[PDB]
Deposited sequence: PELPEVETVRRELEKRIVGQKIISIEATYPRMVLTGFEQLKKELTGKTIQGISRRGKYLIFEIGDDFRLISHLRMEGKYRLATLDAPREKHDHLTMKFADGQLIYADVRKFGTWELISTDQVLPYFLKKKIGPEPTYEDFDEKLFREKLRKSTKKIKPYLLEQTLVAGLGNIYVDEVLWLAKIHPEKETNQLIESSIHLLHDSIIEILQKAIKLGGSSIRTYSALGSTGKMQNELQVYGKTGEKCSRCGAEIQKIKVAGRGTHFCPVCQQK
């Protein structure tokens, strides 16, 4: 998932599991708990979920007064809320069991991660990750963004994917944003003029906020599967279809190892 999908999951979880006491925690794939599964089980069993936050693509469970469970879903991690008697599915790895149901984490590629840290360690954790600002008018300062772009010869797509200029874009929304802002994904950032940087800045915020409002892009039933943003995608996965602005065919290339969808007319090299 990307930021809008993780936000959607966060909202659904906030509505449903906040106030629940964790009765037990079980793992078939304990190795995805990076801080140690048996340790997490000992610390969190019997604790109550107080809240669910998000930073970039990271989900943050607030559990008891002092614990933060940082969850990253990577490529295809999925959470679902199930009855206590629900049958195991092949790629289920972890479950948090409550009195009346269970939260199950599944991940076909086993990329997703859980790390248990303390409340006062959350800010240092994200500073160490070098995550940039949230994609909002309030947090995402255009002036710093512009100065970072001016100083770099990186290509704009890979630089945006780093999470350091702004948090939350993955392959789908970065392609969508660059199409919206009329910028070629291989454009060296020090070549971008002030007005293009402005349009890029605003387009990042607009696309991600629209995606959130629409409940994410659900591509292929787990939490956040009721999204509608996929119906608004202009380029990602649209190879051979026509650009909605100009009518040229959307092309797909490879940029820094990633599949990259763009309009060659609207996004001049």
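*Asks:* Which parts of the deposited chain sequence are absent from the coordinates, listed in sequence order?
*Replies:* In sequence order, there is one gap with no modelled C-alpha: 221 to 222.
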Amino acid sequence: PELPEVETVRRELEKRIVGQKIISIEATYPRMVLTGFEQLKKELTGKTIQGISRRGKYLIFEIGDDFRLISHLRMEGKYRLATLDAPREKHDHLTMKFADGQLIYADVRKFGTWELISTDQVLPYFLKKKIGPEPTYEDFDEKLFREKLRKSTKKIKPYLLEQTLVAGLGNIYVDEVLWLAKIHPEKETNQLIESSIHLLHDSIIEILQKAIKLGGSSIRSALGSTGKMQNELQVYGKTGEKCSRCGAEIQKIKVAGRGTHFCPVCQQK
From here on, numbers count along this sequence of modelled residues.
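Rigid core here is just the name for the largest C-alpha set that superposes within 1.5 Å across the two forms.
*Asks:* What stretch shows more C-alpha movement in 5 other deposited structures of this protein relative to this form, 223 to 231 or 199 to 207, after the core is superposed?
*Replies:* It is 223 to 231 whose C-alphas lie farther from the shown form in 5 other deposited structures of this protein.
*Asks:* Out of 163 to 171 and 99 to 107, which stretch has the higher average CA B-factor listed in the record?
*Replies:* According to the entry, 99 to 107 carries the higher average C-alpha B-factor.
*Asks:* When the C-alpha temperature factors are averaged for each of 73 to 81 and 116 to 124, which stretch ends up with the higher value in the entry?
*Replies:* Per the PDB record, 116 to 124.
*Asks:* Between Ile205, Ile219, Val33, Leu59, which one tops the list for C-alpha B-factor in the PDB entry?
*Replies:* Among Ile205, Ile219, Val33, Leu59, the highest C-alpha B-factor in the entry belongs to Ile219.
*Asks:* Can you tell me which third, lowest, middle or highest, the CA B-factor of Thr260 falls into for its chain?
*Replies:* Lowest third.
*Asks:* By the recorded C-alpha temperature factor, relative to the other modelled residues in its chain, which third is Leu200 in?
*Replies:* For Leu200, whose C-alpha B-factor we compare with every modelled residue in the chain, the answer is the lowest third.
*Asks:* Place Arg88 in the lowest, middle or highest third of its chain's C-alpha B-factors, as listed in the PDB entry.
*Replies:* Highest third - that is where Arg88 ends up once the chain's C-alpha B-factors are sorted.
*Asks:* Is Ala181 in the lowest, middle or highest third of its chain when residues are ranked by C-alpha B-factor?
*Replies:* Lowest third, going by the recorded CA B-factors of the chain.
*Asks:* Please place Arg55 in the lowest, middle or highest third of its chain by C-alpha B factor as given in the entry.
*Replies:* Its C-alpha B-factor, which the entry lists for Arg55, ranks in the lowest third among residues of this chain.
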